[PDB]
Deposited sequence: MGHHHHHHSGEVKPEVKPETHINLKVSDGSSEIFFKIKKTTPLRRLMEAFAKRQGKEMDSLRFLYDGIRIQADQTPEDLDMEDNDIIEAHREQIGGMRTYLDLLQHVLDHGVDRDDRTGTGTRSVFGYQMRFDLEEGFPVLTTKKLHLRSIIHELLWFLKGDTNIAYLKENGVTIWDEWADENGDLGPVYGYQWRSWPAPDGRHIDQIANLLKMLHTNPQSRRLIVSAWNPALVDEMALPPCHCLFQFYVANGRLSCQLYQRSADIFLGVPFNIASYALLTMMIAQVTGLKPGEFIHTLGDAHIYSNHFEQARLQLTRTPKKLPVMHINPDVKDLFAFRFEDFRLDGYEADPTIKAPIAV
């Protein structure tokens, strides 16, 4: 009985191969995975972490300019940058500066942190990157629409709603990122990591990966490495790359 993060991901891989409907992609609509963050850091790649951490710090700064990423050798957002390196209203902007009609900006992250301190049992510990007023004008509307937190038994859990998920090339990165974010938020709120719950809308695999996805279905799952986070950081916005260390 192989049970763990890799298996849960491998189960998704397998479900979409067996029951997915092609359209190359192959897809299902609606899926949900749970990862116990206490078991280890959900590295679900057979095979960079640098991109993951820097991207996440980049999100949290509210930056939508590719420069900080390029400065730290992260290229994942290059192909969407305009002449000035701007991306438009992507995650950082939505998270830190959600534009209200009256010109105010809603710092959803700071609001979440305040709400976690004052009302951890709240049922609206929510950050949304899905803004109907802006998605039509984005070349790449946010795939990670909305995420919600929950606090029970001193543990912080996070559920992500992801409208579109390439299960083979995207989902492992997606998982690592929000698991890391959950861990960072748990730390600064004095909570232990709970679960990351990954909910998928269109969960798909392209036809050029149909055969590879099977190379993973037989693979023996390795022990999850531990993500070590500098325990002194109490300000979510003050994290640095060096604050993180993953086994191996």
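- Where C-alpha coordinates are absent, the deposited sequence of this PDB chain has the segments 1 to 91, 115 to 120, 145 to 146, 348 to 360.
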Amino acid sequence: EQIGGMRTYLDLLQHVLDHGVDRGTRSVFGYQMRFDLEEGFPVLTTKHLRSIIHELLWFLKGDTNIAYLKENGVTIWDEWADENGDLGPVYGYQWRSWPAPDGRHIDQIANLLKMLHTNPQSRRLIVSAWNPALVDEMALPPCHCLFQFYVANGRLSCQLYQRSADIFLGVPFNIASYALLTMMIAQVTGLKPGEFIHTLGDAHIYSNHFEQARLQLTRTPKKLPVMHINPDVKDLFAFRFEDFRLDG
From here on, numbers count along this sequence of modelled residues.
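- Of the two stretches examined, 100 to 108 and 83 to 91, the record assigns the greater average C-alpha temperature factor to 83 to 91.
- Legend: mean Cα B-factor per stretch from the PDB entry, 184 to 192 versus 27 to 35; the higher mean is in 184 to 192.
- Between the residues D22, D232, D235, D11, it is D22 that shows the highest Cα B-factor in the PDB record.
- Per the deposited record, the Cα B-factor of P141 falls in the highest third when ranked against the other modelled residues of its chain.
- Looking at the C-alpha B-factors along this chain, the one for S164 belongs to the lowest third.
- When all modelled residues of the chain are sorted by CA temperature factor, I126 is found within the lowest third.
- Per-chain ranking of the deposited C-alpha B factor places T64 in the highest third.
- Ranked within its chain, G73 lands in the highest third, by CA B factor from the PDB record.
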